[PDB]
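Chain residues, written in single-letter form:
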Amino acid sequence: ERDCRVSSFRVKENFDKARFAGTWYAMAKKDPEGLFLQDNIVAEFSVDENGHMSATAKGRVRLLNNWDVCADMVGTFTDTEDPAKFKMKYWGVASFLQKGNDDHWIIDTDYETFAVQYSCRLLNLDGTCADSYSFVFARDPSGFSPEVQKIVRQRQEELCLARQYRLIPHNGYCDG
Ligand SMILES: CC1=C(/C=C/C(C)=C/C=C/C(C)=C/C(=O)O)C(C)(C)CCC1
């Protein structure tokens, strides 16, 4: 019954960028295909005088050859017609880091405790997502109340991504 068209997905009513600024800890994630951040992920959002939003993020990345590395990444966001939908150009501090362009949607947030993000990097012909990713972020590393977990579990259902998210460890590897 429930529609999986990325076009139909709901997003944050009247997104407020400055209000999202600060440190966010990823608690759980739904990885995309290929190399992705492993764990110990922490994002840090900024918004300039102009309204230009930017972010930095640390995360452990396992390189093909098995070395583990603490990837220091960079992201710049571009506004769209949808205040909660942005275009994100990212790159790493080190040259060997994945560089790219991806959609960045703020599905839901309360700005103070949690946030569900999402990106489809490929649309199937039908209109659903063939390559997605999603971050569940928390204001406090400790996580959230069974109350908010309810909400999140709900946003996840709506993104056609329930029962396929994983918990993210934080063990200070990239120093925390
Ligand atoms: C920029 C950006 C994001 C994507 C980061 C990616 C995609 C990092 C990939 C790192 C790799 C791919 C490192 C490596 O493999 O060296 C996320 C949504 C958290 C949202 C805001 C900041």
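Residues numbered from 1 in each chain as written, not as in the entry; some residues may be left out. Heavy atoms only, no water.

The deposited coordinates, according to the entry record, derive from X-ray crystallography at 1.9 Å resolution.

Enquirer: Would you explain the overall build of the protein chain in this entry?
Expert: Scanning the protein chain from N- to C-terminus turns up 1 helix and 9 strands. Listing the helices and strands of the protein chain from first to last along the sequence gives β-β-β-β-β-β-β-β-α-β. A compact globule built from 176 residues would reach a C-alpha radius of gyration of about 16 Å, and the protein chain, at 16 Å, matches this within 12%. Buried positions account for 44% of the 176 residues belonging to the protein chain. For the protein chain, the accessible surface area stands at approximately 10100 Å², while carbon and sulfur atoms represent 50% of it. (Helix = DSSP H or I, 4+ residues; strand = E, 2+ residues; numbered from the N terminus. Rg over C-alpha atoms; globule rule 2.2 N^0.38 Å. Buried < 20%, exposed > 50% of the residue type's maximum accessible area, 1.4 Å probe, protein only. Areas by Shrake-Rupley, 256 points an atom, 1.4 Å probe, with all protein chains shown as cover.)

Enquirer: Help me understand the UniProt feature "disulfide bond" in the protein chain, please; the structure alone is not making it clear to me.
Expert: The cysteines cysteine 4 and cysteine 160 that UniProt joins by a disulfide are not bonded here; their SG atoms are 3.6 Å apart. Along the chain, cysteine 4 turns up in the segment before β1 (22-30). Along the chain, the position of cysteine 160 falls in the loop between α1 (146-158) and β9 (166-167). (Disulfide = S-S within 2.5 Å. UniProt positions renumbered as here; feature names shortened; annotations may be inferred.)

Enquirer: Would you mind showing me how to read the site of the ligand here?
Expert: The ligand sits among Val61, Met73, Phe77, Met88, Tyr90, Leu97, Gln98, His104, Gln117, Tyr133 and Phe135. Protein burial of the ligand: of its 550 Å² of free accessible surface, 99% is covered by the chains. Judged by the fraction of its atoms near the pocket grid, the ligand is located in the largest pocket. When residues of the shell around the ligand are traced back to their parent elements, those giving at least two are β4 (68-78), β5 (85-92) and β8 (129-138). (Near = heavy atom within 4 Å. 1 Å grid on protein atoms, 1.4 Å probe; cavity = no way out; pocket = protein on both sides within 12 Å on 5 of 7 lines; lining within 4 Å. Sits in = over half its atoms within 2 Å of the grid points.)

Enquirer: It is not clear to me how the nonpolar core should be interpreted in this structure. Could you clarify?
Expert: Nonpolar side chains tend to gather and get buried jointly when the protein is soluble and globular. One finds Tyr118 and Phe135 to be the most contacted residues of the largest nonpolar core, which totals 47 residues. With residues near it in sequence (within four places) discarded, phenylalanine 135 still touches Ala26, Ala28, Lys29, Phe36, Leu37, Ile41, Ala115, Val116, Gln117 and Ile168. (Core = buried A, V, L, I, M, F, W, Y, C linked by side-chain atoms within 4.5 Å. Contact = heavy atoms within 4.5 Å.)

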